[PDB]
């Protein structure tokens, strides 16, 4: 699909974070007692942690009725898993709705299949880069348009994060592609 992805590479979506408002106060201890695949340690974190096999995800359910869903490989899968959780809560006795579902972070990654001269890339783009190999082996590239953060490795492996729309993930990778090429390690 060289028309949409000129580099001929499509970043793989790895993790999606979403939120939804169940729109009802939830008794968390009641839920932690009735729910099987759930864990709740208020002294550690103020949320019940639930999980489902398909789509493989984890939800953080708060007393406020708010809910975080993480782990899905796509946006649809995240909405889908979010709905299965809402229905679990519904079946637990709370008048749970599904208000304001929103994708909050999309995580993707790809392999350009060639090593990068991270120091040169960093040096040529100081304004956007943070490369301190002794702290983290990857170059932290904070792209301005779109506002996306890329983790660039010597191996040619790239992690694109911070997107709320998958096109931001694709766009960021397309913008960075010619840059990675410019600093290919020979």
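Residue numbers count along the first chain shown, from 1.
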property	result
Residue stretch of maximal mean CA temperature factor, 26-34 vs 151-159	26-34
Between the two ranges 65-73 and 141-149, the one averaging a larger CA B factor in the entry	141-149
Largest Cα B-factor, entry values, listed residues 96, 103, 110, 107	96
Options 126, 60, 118, 52 - largest CA temperature factor per the record	126
